[PDB]
Amino acid sequence: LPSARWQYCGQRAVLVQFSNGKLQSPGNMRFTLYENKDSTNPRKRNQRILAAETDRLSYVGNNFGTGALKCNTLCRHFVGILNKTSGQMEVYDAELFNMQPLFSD
Amino acid sequence: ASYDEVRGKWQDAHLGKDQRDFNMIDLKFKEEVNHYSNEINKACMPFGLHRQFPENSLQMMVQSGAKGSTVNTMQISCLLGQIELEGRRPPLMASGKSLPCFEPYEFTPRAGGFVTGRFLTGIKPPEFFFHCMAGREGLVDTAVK
Amino acid sequence: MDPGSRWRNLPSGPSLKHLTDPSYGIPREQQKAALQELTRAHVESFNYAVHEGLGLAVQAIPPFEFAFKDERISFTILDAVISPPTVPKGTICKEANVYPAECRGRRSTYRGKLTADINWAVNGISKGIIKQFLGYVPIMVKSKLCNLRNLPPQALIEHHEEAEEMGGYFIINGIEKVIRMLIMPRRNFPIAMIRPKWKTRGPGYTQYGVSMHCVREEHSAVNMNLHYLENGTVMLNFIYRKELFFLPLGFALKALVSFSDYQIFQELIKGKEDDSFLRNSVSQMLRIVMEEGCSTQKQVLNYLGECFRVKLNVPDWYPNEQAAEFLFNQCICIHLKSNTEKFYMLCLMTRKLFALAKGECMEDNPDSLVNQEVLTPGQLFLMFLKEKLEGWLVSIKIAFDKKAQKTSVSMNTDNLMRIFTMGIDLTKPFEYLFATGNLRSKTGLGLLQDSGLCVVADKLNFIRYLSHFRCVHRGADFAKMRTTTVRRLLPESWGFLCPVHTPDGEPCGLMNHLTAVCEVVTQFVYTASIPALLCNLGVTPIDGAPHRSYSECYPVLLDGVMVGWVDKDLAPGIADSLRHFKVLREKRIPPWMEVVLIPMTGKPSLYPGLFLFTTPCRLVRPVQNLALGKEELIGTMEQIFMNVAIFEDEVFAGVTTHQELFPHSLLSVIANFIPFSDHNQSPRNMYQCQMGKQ
Amino acid sequence: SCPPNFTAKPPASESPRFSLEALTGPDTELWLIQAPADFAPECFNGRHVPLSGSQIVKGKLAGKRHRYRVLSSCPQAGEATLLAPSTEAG
Amino acid sequence: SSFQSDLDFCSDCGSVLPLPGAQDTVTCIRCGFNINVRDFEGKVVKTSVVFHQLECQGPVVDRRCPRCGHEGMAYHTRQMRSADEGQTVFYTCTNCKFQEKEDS
Amino acid sequence: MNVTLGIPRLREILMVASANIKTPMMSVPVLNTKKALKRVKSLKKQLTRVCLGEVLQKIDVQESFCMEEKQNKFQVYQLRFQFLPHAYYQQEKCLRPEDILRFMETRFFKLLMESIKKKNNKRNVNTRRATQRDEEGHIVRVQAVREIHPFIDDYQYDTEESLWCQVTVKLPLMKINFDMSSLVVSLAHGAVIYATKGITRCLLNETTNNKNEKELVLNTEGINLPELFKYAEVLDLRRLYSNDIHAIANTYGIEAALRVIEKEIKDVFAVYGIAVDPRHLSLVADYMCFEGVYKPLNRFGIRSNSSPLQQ
DNA sequence: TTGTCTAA
DNA sequence: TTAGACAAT
Ligand SMILES: [Zn+2]
Ligand SMILES: [Zn+2]
């Protein structure tokens with residue numbers, strides 16, 4: 001019955017939810033994330049956009065618009081690491097992004 | 001077979017589109033509780049009455065053809081017997097409870113309508129509901145047709 | 001018994017001392033709280049339908065915009081109120097109020113003034129607000145609008161009424177007319193039907209199908225349908241002003257969300273993942289959408305608002321995308337606000353159809369009381385009044401078009417206020433529904449019948465006068481059929497409808513009557529914290545994945561909102577936790593909620609899930625929860641899985657979880673007045689119940 | 001043909017670096033903890049979590065909030081994957 | 001840069017691949033991603049339709065039959081009139097099955 | 001077995017003079033000798049019909065894809081039928097399963113290919129059907145199967161205990177998605193073999209007897225009177241009977257369909273315990289067969305009458 | 001809701 | 001050979 005010391009250390013590690021399938025073959029794929037300017041009003045704490053550069057398509061992931069998922073607001077998402085020699089499951093705040101390929105207008 | 005497996009195969013006889021193995025299980029309670037329905041009437045109807053024919057008035061209205069029959073007085077002073085609803089026992093629910101007092105798929109004859117309580121001493125609220133199902137059956141079938 | 005259970009004041013035996021007292025004839029200073037429970041379903045429903053429901057039913061009327069000669073006039077109702085009944089203006093009197101006893105004695109209608117705040121605007125800019133008298137609507141007595149509200153009995157005798165005056169009745173032209181509670185299908189719930197009449201509705205239809213009765217905040221009501229086909233394709237049929245629309249499923253699911261087609265594939269095959277025919281069929285539904293080049297959501301909306309535009313009767317200046325979200329907002333799953341939750345509801349209604357057609361779940365019986373609820377007088381007032389307001393705006397449009405013909409000076413309005421005066425007045429079209437019972441509506445109000453709505457509260461004695469407020473009427477169309485299946489007493493009416501109390505002739509079996517314990521839920525509360533409550537328990541929501549596989553998880557339906565996926569080994573631990581939160585009045589759980597846990601057995605039983613109902617207009621009845629000792633409002637679908645007991649002798653450990661309050665709870669009010677009911681034969685009791693009403 | 005490859009974002013902008021690590025080898029085991037909404041992230045700060053089965057572990061939020069049950073699952077081959085910002089690539 | 005989906009869908013967008021046709025590669029429409037028609041060799045769809053898988057006539061009362069003179073007749077009640085009067089009793093003899101009805 | 005009961009049977013006797021009734025039976029006693037019982041226990045099986053959905057356990061359809069050339073692309077349709085075993089029916093025409101396989105291999109595949117070429121010569125649309133279809137008032141062998149059609153590319157039938165069958169209807173590619181399993185199901189509700197002309201079902205387990213004579217009765221459910229005349233050495237055709245008035249009226253005569261009207265009205269009134277005296281029934285049967293044909297008592301029977309005031 | 005009569 | 005038309009409860 002294994003245990004793990006819960007050492008909460010604090011940054012928000014992104015997690016990806018592809019609307020196409022599973023990313024099972026990673027390769028040359030560039031990932032960049034975007035944050036709003038005005039940090040004054042409390043909407044900047046949720047405004048974040050993740051962009052995915054592939055040569056074929058570009059995948060974009062929101063937190064606010066129509067299609068942004070409700071699993072990271074009605075429930076929190078954490079990330080365990082479990083440095084096995086020390087035996088401490090150190091925990092990071094996380095978000096899940098449901099990515100959707102961009103086409104046109 | 002234990003009672004869990006028997007209850008499983010009567011759940012499987014239920015819930016199916018055949019309704020041909022299930023109607024057979026109706027005709028095997030209902031021929032076996034109509035052997036406990038004859039023995040009580042042989043215990044109480046001829047020589048078990050308090051006051052007997054001719055000194056009994058109700059037997060004089062029954063046996064001299066005035067009104068009634070020896071079924072109405074056997075319901076008055078002995079059991080109501082099996083409730084047959086549209087030819088069969090009263091319906092199970094969608095969950096196997098024949099009525100909310102009872103366990104799902106309960107083996108007892110009381111669970112499926114065998115009243116065994118007379119009008120001389122009253123019927124408990126399960127058998128009263130069963131008997132009102134059987135009354136509304138005939139009343140609706142007369143009122144429609 | 002629990003103190004505070006409404007039945008703690010129940011006598012052990014009769015007394016006969018209250019008729020030889022000094023206290024007799026002196027009015028008590030408060031009314032009796034046992035005769036006022038018999039018109040809760042009438043008065044508390046009409047109280048919703050005049051202040052809260054009317055304010056929520058003028059929000060859901062869209063801004064009526066039409067075309068002037070090269071100008072766009074916008075009309076919108078901001079707020080409408082119903083004033084309590086007074087005298088007309090220009091009357092020399094002493095007390096301005098009007099009481100029901102005048103309206104009985106003078107042979108008049110007891111009615112209240114209706115007015116609204118219509119906010120007119122031309123070309124997108126507001127140029128005024130008008131407070132317009134729409135007409136007169138009837139007032140229910142002892143409601144929040146009658147003048148007899150909050151009176152003590154001694155001040156109620158003084159106004160020619162009675163002590164212990166329960167309301168619930170409209171005086172319409174001097175004749176008191178109650179609205180009877182009809183039986184409607186269970187709101188916001190997939191009722192899986194097997195009806196072979198549906199085979200003739202199309203070229204490849206099956207006997208199978210899933211219906212839904214959708215109601216939006218007690219003022220709208222729309223029936224929709226799903227149909228399984230011989231292919232595996234699913235259609236979706238719904239009537240909109242006498243026009244049966246055919247809409248395939250993939251068109252709906254693409255018009256709702258902006259999801260890629262692999263997610264719409266993934267949502268419909270959650271439980272059945274190893275099935276090959278199923279994955280093929282839900283591929284083909286999406287490919288049918290692909291065939292027209294409608295790849296995006298906007299292009300699907302363009303095509304649907306191209307094909308359905310002429311029959312929705314939208315204006316000439318809407319785009320096709322705007323007349324497409326006029327039929328997903330007013331026809332398909334209108335109890336949901338977001339299009340995201342409309343999508344995951346059609347996915348559950350589709351998976352229930354796919355499990356029905358493959359024989360993995362049994363038919364939900366449409367005539368059983370498990371899948372039924374009542375239509376209270378708060379719905380039929382509010383729906384009909386909303387429809388007459390929309391008809392009033394359409395009459396203003398027809399009045400402008402009548403002004404435009406035989407062309408007037410036709411300048412700007414500048415608060416002209418003549419078209420409103422020439423507009424229609426809804427005194428008489430709202431009087432006709434009560435004064436006859438005939439509902440002449442172009443919508444149908446989502447109902448199934450047209451007449452038999454208002455029935456005269458007859459008052460030949462008091463046994464007859466109580467019965468009209470406990471009547472549950474199955475249908476005023478089934479009386480002409482030759483059926484017996486709808487007229488059958490079933491065991492799911494144990495304690496919600498009376499066995500004996502029914503008529504005997506043509507309405508035998510249709511006009512049921514409520515029991516004593518059974519009460520209609522009329523309270524309307526807000527379920528905003530319950531999704532976060534469920535997800536703080538084991539309910540992983542729709543977007544995330546539960547940590548065992550699907551088909552080892554249950555759907556959760558919190559009042560037609562698909563919420564999540566309870567793991568199968570954690571579903572009793574959420575059902576009993578919500579029951580403990582209900583009977584202890586904790587965590588904003590309503591005390592009238594249903595926690596229905598239809599289990600998995602692997603046999604073709606009912607379609608499993610963890611259904612949760614918080615709505616009004618249902619039926620509910622108190623028991624005693626044995627493990628808590630506290631009174632629990634069991635609904636119609638909870639007690640099909642509970643082991644209620646009758647007697648303290650018949651209570652066991654492990655098997656029994658509840659107990660009825662008093663053992664004669666299965667009987668009505670009127671049938672609890674027969675002495676020694678359990679000794680005479682049951683048509684004798686069924687005959688006495690309609691003798692005492694004569 | 002013409003793929004979009006968008007670079008347009010009107011109110012948004014890219015990011016500096018943070019303190020989460022970049023090296024994942026045989027010494028680390030990625031756990032995906034899914035915590036409730038009102039779960040304060042400091043509650044178990046000296047407490048253990050199970051890696052198999054379940055355990056009702058206490059917290060320190062108010063002392064009376066402490067009943068939390070922890071469900072220790074199997075790898076679902078979950079579609080959510082972690083993105084660790086590496087230091088060789090800006 | 002490849003994603004694992006079902007074979008009937010594109011693996012770059014999520015859109016639906018059409019049926020194979022008169023070419024050697026099937027392409028998606030909204031992105032133009034070509035997939036070999038030869039890769040649909042494992043597209044198998046199964047369907048199975050199952051057609052056919054794998055008394056004492058009530059309580060007795062000691063009443064004489066009209067025809068055969070047997071000492072008992074099995075009885076069944078049915079309340080066939082109104083709720084005003086009666087209960088109609090149906091008899092059935094044990095041996096020769098002669099059914100007559102009494103109206104009380 | 002059932003008959004038609006109540007008022008509407010009496011309506012279709014008297015008021016209609018029906019040529020086509022629903023559920024007509026016929027009844028012939030057995031000669032009650034030793035050879036006739038042995039022949040009639042097989043005749044009970046022989047006079048029934050057998051549909052294909054009666055002896056079939058399950059259909060298995062396995063649609064696949066096949067591309068063998070640069071142009072040739074094929075939809076492999078491996079149909080497989082599991083027939084219910086012989087021990088689960090001992091009532092139907094001694095159907096050893098080589099007979100139902102011969103049904104298959106002779107005519108069921110051609111009956112299937114006609115349906116496939118009816119469908120292939122070719123609900124997905126927004127229809128908006130303009131009606132709902134159901135007022136302001138001011139008052140108040142494998143080679144034979146292969147040569148059936150070129151589309152059948154494989155055939156494999158069970159040989160030891162002949163319980164299954166496998167074909168491969170190798171259709172080419174098409175623009176619509178083909179619904180094979182619906183055709184295979186709806187075609188598999190067709191009658192197999194030896195369905196006699198109009199006779200559905202026979203029962204001789206009615207061993208009823210008035211004097212313990214064990215009088216076996218072919219209580220059938222079909223209407224074919226010269227079908228049973230070949231079986232005179234086994235059946236006692238002397239006391240034959242039917243429900244149909246027109247069948248015996250065209251076979252035996254208007255004087256022998258005059259004593260069937262009387263017996264049928266007596267049986268309809270005698271189900272419900274009512275005793276109608278035979279003089280009334282004989283008067284009605286002598287009225288209806290007065291003109292030599294079996295006339296009704298409807299509106300279309302008073303055109304024969306003479307006085308127009310009564311008409 | 002039947003059941004035959006009339007027209008295509 | 002099969003759909004509209006006509007009358008009765
Ligand atoms: Zn694609
Ligand atoms: Zn007898």
# chains A, B, ... in the order shown; residues from 1 in each chain; ligands from 1
call {"tool": "residues_near_ligand", "arguments": {"ligand": "ligand 1", "cutoff": "9 Å", "atoms": "only C-alpha atoms (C1' of nucleotides) and all ligand atoms", "output": "PyMOL selection string"}}
result
chain E and resi 9-17+27-34
call {"tool": "write_last_selection", "arguments": {"atoms": "N, CA and C atoms", "output": "tab-separated table (two decimals), in the first residue's frame"}}
result
chain	number	residue	atom	x	y	z
E	9	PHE	N	-12.46	8.70	-39.95
E	9	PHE	CA	-12.34	10.13	-39.77
E	9	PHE	C	-10.95	10.58	-40.15
E	10	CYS	N	-10.84	11.85	-40.53
E	10	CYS	CA	-9.53	12.45	-40.73
E	10	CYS	C	-8.77	12.49	-39.42
E	11	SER	N	-7.46	12.43	-39.51
E	11	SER	CA	-6.63	12.41	-38.32
E	11	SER	C	-5.93	13.74	-38.09
E	12	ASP	N	-6.20	14.75	-38.91
E	12	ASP	CA	-5.65	16.07	-38.68
E	12	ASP	C	-6.74	17.06	-38.28
E	13	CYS	N	-7.77	17.23	-39.09
E	13	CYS	CA	-9.01	17.72	-38.52
E	13	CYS	C	-9.77	16.52	-37.97
E	14	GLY	N	-10.98	16.74	-37.51
E	14	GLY	CA	-11.71	15.61	-36.98
E	14	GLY	C	-12.81	15.18	-37.92
E	15	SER	N	-12.83	15.75	-39.12
E	15	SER	CA	-13.97	15.63	-40.00
E	15	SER	C	-14.07	14.22	-40.60
E	16	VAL	N	-15.21	13.96	-41.23
E	16	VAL	CA	-15.57	12.62	-41.68
E	16	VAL	C	-14.96	12.38	-43.05
E	17	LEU	N	-14.25	11.27	-43.19
E	17	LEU	CA	-13.79	10.84	-44.50
E	17	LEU	C	-14.97	10.31	-45.30
E	27	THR	N	-9.49	11.59	-49.71
E	27	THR	CA	-9.03	12.83	-49.10
E	27	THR	C	-10.15	13.44	-48.26
E	28	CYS	N	-9.77	14.11	-47.19
E	28	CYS	CA	-10.74	14.92	-46.48
E	28	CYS	C	-11.08	16.15	-47.31
E	29	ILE	N	-12.22	16.75	-47.01
E	29	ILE	CA	-12.75	17.86	-47.79
E	29	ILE	C	-12.29	19.20	-47.23
E	30	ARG	N	-12.36	19.37	-45.92
E	30	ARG	CA	-12.09	20.68	-45.35
E	30	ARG	C	-10.61	20.95	-45.13
E	31	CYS	N	-9.74	19.95	-45.29
E	31	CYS	CA	-8.31	20.18	-45.19
E	31	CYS	C	-7.50	19.62	-46.34
E	32	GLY	N	-8.01	18.63	-47.06
E	32	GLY	CA	-7.27	18.01	-48.14
E	32	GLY	C	-6.13	17.13	-47.65
E	33	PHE	N	-6.45	16.17	-46.79
E	33	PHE	CA	-5.46	15.25	-46.24
E	33	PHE	C	-5.74	13.88	-46.83
E	34	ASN	N	-4.82	13.40	-47.67
E	34	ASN	CA	-5.04	12.16	-48.39
E	34	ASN	C	-4.70	10.94	-47.54
call {"tool": "residues_near_ligand", "arguments": {"ligand": "ligand 2", "cutoff": "12 Å", "atoms": "only C-alpha atoms (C1' of nucleotides) and all ligand atoms", "output": "JSON list (two decimals) with N, CA, C and O atoms, in the first residue's frame"}}
result
[["chain", "number", "residue", "atom", "x", "y", "z"],
["E", 62, "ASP", "N", -67.97, -27.02, -4.11],
["E", 62, "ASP", "CA", -68.68, -28.29, -4.22],
["E", 62, "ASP", "C", -70.09, -28.02, -4.75],
["E", 62, "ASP", "O", -71.08, -28.02, -4.01],
["E", 63, "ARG", "N", -70.18, -27.79, -6.05],
["E", 63, "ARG", "CA", -71.44, -27.55, -6.75],
["E", 63, "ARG", "C", -71.58, -28.58, -7.86],
["E", 63, "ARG", "O", -70.60, -28.93, -8.52],
["E", 64, "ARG", "N", -72.80, -29.09, -8.05],
["E", 64, "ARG", "CA", -73.02, -30.11, -9.05],
["E", 64, "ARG", "C", -73.10, -29.52, -10.45],
["E", 64, "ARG", "O", -73.71, -28.48, -10.67],
["E", 65, "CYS", "N", -72.48, -30.22, -11.40],
["E", 65, "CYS", "CA", -72.51, -29.80, -12.79],
["E", 65, "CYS", "C", -73.90, -30.04, -13.38],
["E", 65, "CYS", "O", -74.62, -30.94, -12.94],
["E", 66, "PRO", "N", -74.32, -29.23, -14.35],
["E", 66, "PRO", "CA", -75.57, -29.56, -15.05],
["E", 66, "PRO", "C", -75.46, -30.77, -15.96],
["E", 66, "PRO", "O", -76.42, -31.55, -16.04],
["E", 67, "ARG", "N", -74.34, -30.96, -16.65],
["E", 67, "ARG", "CA", -74.27, -32.08, -17.59],
["E", 67, "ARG", "C", -73.80, -33.36, -16.92],
["E", 67, "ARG", "O", -74.54, -34.35, -16.87],
["E", 68, "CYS", "N", -72.57, -33.37, -16.40],
["E", 68, "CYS", "CA", -71.94, -34.62, -15.99],
["E", 68, "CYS", "C", -72.21, -34.99, -14.54],
["E", 68, "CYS", "O", -71.90, -36.12, -14.15],
["E", 69, "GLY", "N", -72.76, -34.08, -13.75],
["E", 69, "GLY", "CA", -73.06, -34.40, -12.37],
["E", 69, "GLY", "C", -71.86, -34.57, -11.47],
["E", 69, "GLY", "O", -71.95, -35.27, -10.46],
["E", 70, "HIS", "N", -70.72, -33.97, -11.82],
["E", 70, "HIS", "CA", -69.56, -34.00, -10.95],
["E", 70, "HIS", "C", -69.81, -33.12, -9.73],
["E", 70, "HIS", "O", -70.50, -32.10, -9.81],
["E", 71, "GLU", "N", -69.25, -33.54, -8.60],
["E", 71, "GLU", "CA", -69.60, -32.92, -7.33],
["E", 71, "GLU", "C", -69.03, -31.52, -7.14],
["E", 71, "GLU", "O", -69.51, -30.78, -6.28],
["E", 72, "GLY", "N", -68.03, -31.13, -7.93],
["E", 72, "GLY", "CA", -67.38, -29.84, -7.77],
["E", 72, "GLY", "C", -67.26, -29.09, -9.08],
["E", 72, "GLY", "O", -67.24, -29.68, -10.15],
["E", 73, "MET", "N", -67.19, -27.76, -8.98],
["E", 73, "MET", "CA", -66.96, -26.92, -10.14],
["E", 73, "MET", "C", -65.97, -25.83, -9.78],
["E", 73, "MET", "O", -66.12, -25.17, -8.75],
["E", 74, "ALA", "N", -64.97, -25.64, -10.62],
["E", 74, "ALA", "CA", -64.02, -24.56, -10.42],
["E", 74, "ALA", "C", -64.67, -23.23, -10.73],
["E", 74, "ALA", "O", -65.39, -23.09, -11.71],
["E", 91, "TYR", "N", -68.50, -20.23, -13.38],
["E", 91, "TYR", "CA", -68.22, -21.59, -12.98],
["E", 91, "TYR", "C", -67.64, -22.35, -14.16],
["E", 91, "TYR", "O", -67.85, -21.98, -15.31],
["E", 92, "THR", "N", -66.90, -23.40, -13.86],
["E", 92, "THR", "CA", -66.32, -24.26, -14.89],
["E", 92, "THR", "C", -66.20, -25.63, -14.27],
["E", 92, "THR", "O", -65.58, -25.76, -13.22],
["E", 93, "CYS", "N", -66.79, -26.64, -14.89],
["E", 93, "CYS", "CA", -66.75, -27.94, -14.25],
["E", 93, "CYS", "C", -65.37, -28.56, -14.38],
["E", 93, "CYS", "O", -64.59, -28.22, -15.26],
["E", 94, "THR", "N", -65.08, -29.48, -13.47],
["E", 94, "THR", "CA", -63.75, -30.05, -13.40],
["E", 94, "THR", "C", -63.51, -31.03, -14.54],
["E", 94, "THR", "O", -62.44, -31.03, -15.16],
["E", 95, "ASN", "N", -64.51, -31.85, -14.86],
["E", 95, "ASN", "CA", -64.36, -32.92, -15.84],
["E", 95, "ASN", "C", -64.72, -32.49, -17.26],
["E", 95, "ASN", "O", -63.86, -32.51, -18.14],
["E", 96, "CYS", "N", -65.97, -32.09, -17.49],
["E", 96, "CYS", "CA", -66.43, -31.89, -18.85],
["E", 96, "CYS", "C", -66.39, -30.44, -19.30],
["E", 96, "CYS", "O", -66.78, -30.15, -20.43],
["E", 97, "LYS", "N", -65.96, -29.53, -18.41],
["E", 97, "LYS", "CA", -65.67, -28.12, -18.72],
["E", 97, "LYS", "C", -66.89, -27.36, -19.22],
["E", 97, "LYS", "O", -66.81, -26.61, -20.20],
["E", 98, "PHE", "N", -68.03, -27.53, -18.55],
["E", 98, "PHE", "CA", -69.23, -26.78, -18.89],
["E", 98, "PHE", "C", -69.29, -25.49, -18.09],
["E", 98, "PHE", "O", -69.42, -25.51, -16.87],
["E", 99, "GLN", "N", -69.24, -24.36, -18.79],
["E", 99, "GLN", "CA", -69.11, -23.06, -18.15],
["E", 99, "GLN", "C", -70.46, -22.36, -18.14],
["E", 99, "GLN", "O", -71.01, -22.06, -19.20],
["E", 100, "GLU", "N", -70.99, -22.08, -16.95],
["E", 100, "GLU", "CA", -72.16, -21.23, -16.80],
["E", 100, "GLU", "C", -71.85, -20.14, -15.79],
["E", 100, "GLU", "O", -70.93, -20.25, -14.98]]
call {"tool": "select_by_dssp", "arguments": {"residues": "range 54-287 of chain F", "states": "strand (DSSP E)", "output": "number ranges by chain"}}
result
F: 56-63, 66-67, 73-75, 77-83, 152-157, 164-169, 171-172, 241-242
call {"tool": "atom_distance", "arguments": {"atom1": "CA of residue 86 in chain C", "atom2": "CA of residue 143 in chain C"}}
result
15.3 Å
call {"tool": "atom_distance", "arguments": {"atom1": "CA of residue 30 in chain B", "atom2": "CA of residue 85 in chain B"}}
result
11.7 Å
call {"tool": "select_by_dssp", "arguments": {"residues": "range 218-391 of chain C", "states": "alpha helix (DSSP H)", "output": "ChimeraX atom specification"}}
result
/C:249-256,261-268,276-290,297-307,339-357,377-391
call {"tool": "write_last_selection", "arguments": {"atoms": "C-alpha atoms", "output": "short mmCIF file (atom, residue, chain, number, x, y, z; two decimals), in the first residue's frame"}}
result
data_model
loop_
_atom_site.label_atom_id
_atom_site.label_comp_id
_atom_site.auth_asym_id
_atom_site.auth_seq_id
_atom_site.Cartn_x
_atom_site.Cartn_y
_atom_site.Cartn_z
CA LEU C 249 -29.71 13.95 -36.02
CA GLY C 250 -26.36 14.95 -37.47
CA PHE C 251 -27.82 18.23 -38.72
CA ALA C 252 -28.93 18.97 -35.16
CA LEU C 253 -25.64 18.03 -33.51
CA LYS C 254 -23.67 20.06 -36.06
CA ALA C 255 -25.99 23.04 -35.77
CA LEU C 256 -25.56 23.07 -32.00
CA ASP C 261 -16.94 15.36 -36.06
CA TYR C 262 -14.72 12.99 -34.11
CA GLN C 263 -16.08 14.42 -30.84
CA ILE C 264 -19.67 14.06 -32.04
CA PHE C 265 -18.75 10.50 -32.96
CA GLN C 266 -17.17 10.00 -29.57
CA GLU C 267 -20.12 11.32 -27.55
CA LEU C 268 -22.66 8.92 -29.06
CA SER C 276 -19.35 -2.23 -35.05
CA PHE C 277 -22.82 -1.53 -36.42
CA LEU C 278 -23.26 1.35 -33.96
CA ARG C 279 -20.01 3.09 -34.89
CA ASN C 280 -20.93 2.61 -38.54
CA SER C 281 -24.37 4.17 -38.06
CA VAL C 282 -23.15 7.21 -36.10
CA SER C 283 -20.52 7.67 -38.78
CA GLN C 284 -23.21 7.72 -41.45
CA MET C 285 -25.30 10.34 -39.62
CA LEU C 286 -22.34 12.73 -39.72
CA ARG C 287 -21.51 11.86 -43.32
CA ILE C 288 -25.08 12.87 -44.32
CA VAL C 289 -24.17 16.35 -43.04
CA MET C 290 -20.85 16.24 -44.90
CA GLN C 297 -21.39 25.06 -37.74
CA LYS C 298 -22.17 28.30 -39.60
CA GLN C 299 -22.70 26.46 -42.90
CA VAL C 300 -25.04 23.92 -41.24
CA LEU C 301 -26.98 26.83 -39.75
CA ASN C 302 -27.05 28.48 -43.19
CA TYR C 303 -28.52 25.35 -44.76
CA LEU C 304 -31.09 24.77 -42.00
CA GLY C 305 -32.21 28.37 -42.01
CA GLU C 306 -32.40 28.14 -45.78
CA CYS C 307 -34.70 25.12 -45.82
CA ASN C 339 -26.34 25.07 -26.86
CA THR C 340 -23.58 23.05 -25.23
CA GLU C 341 -26.03 21.42 -22.82
CA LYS C 342 -28.57 20.93 -25.59
CA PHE C 343 -25.90 18.82 -27.29
CA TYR C 344 -25.16 16.50 -24.39
CA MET C 345 -28.89 16.04 -23.88
CA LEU C 346 -29.43 14.89 -27.46
CA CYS C 347 -26.48 12.54 -26.98
CA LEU C 348 -28.23 10.95 -23.98
CA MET C 349 -31.58 10.81 -25.75
CA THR C 350 -29.73 9.15 -28.65
CA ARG C 351 -27.92 6.59 -26.50
CA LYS C 352 -31.20 5.70 -24.83
CA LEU C 353 -32.66 5.08 -28.28
CA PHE C 354 -29.64 2.97 -29.28
CA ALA C 355 -29.96 0.91 -26.11
CA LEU C 356 -33.71 0.52 -26.64
CA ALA C 357 -33.41 -0.59 -30.26
CA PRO C 377 -53.19 25.92 -12.76
CA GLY C 378 -49.96 27.93 -12.63
CA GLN C 379 -48.80 26.50 -15.93
CA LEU C 380 -52.03 26.90 -17.87
CA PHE C 381 -52.41 30.53 -16.81
CA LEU C 382 -48.84 31.52 -17.60
CA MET C 383 -48.42 29.68 -20.92
CA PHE C 384 -51.70 31.03 -22.25
CA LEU C 385 -50.97 34.57 -21.08
CA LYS C 386 -47.51 34.50 -22.72
CA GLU C 387 -49.12 33.34 -25.95
CA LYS C 388 -51.71 36.10 -25.80
CA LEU C 389 -48.95 38.69 -25.31
CA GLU C 390 -47.20 37.44 -28.46
CA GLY C 391 -50.57 37.55 -30.23
#
call {"tool": "atom_distance", "arguments": {"atom1": "CA of residue 669 in chain C", "atom2": "CA of residue 590 in chain C"}}
result
26.7 Å
call {"tool": "interface_residues", "arguments": {"of": "chain D", "to": "chain E", "cutoff": "12 Å", "atoms": "only C-alpha atoms", "output": "VMD selection string"}}
result
chain D and resid 1 to 4 79
call {"tool": "residues_around", "arguments": {"residues": "residue 52 in chain E", "least_positions_apart": "3", "cutoff": "10 Å", "atoms": "only C-alpha atoms (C1' of nucleotides)", "output": "MDAnalysis selection string"}}
result
(chainID B and resid 18) or (chainID E and resid 49) or (chainID F and resid 53:58 83:84)
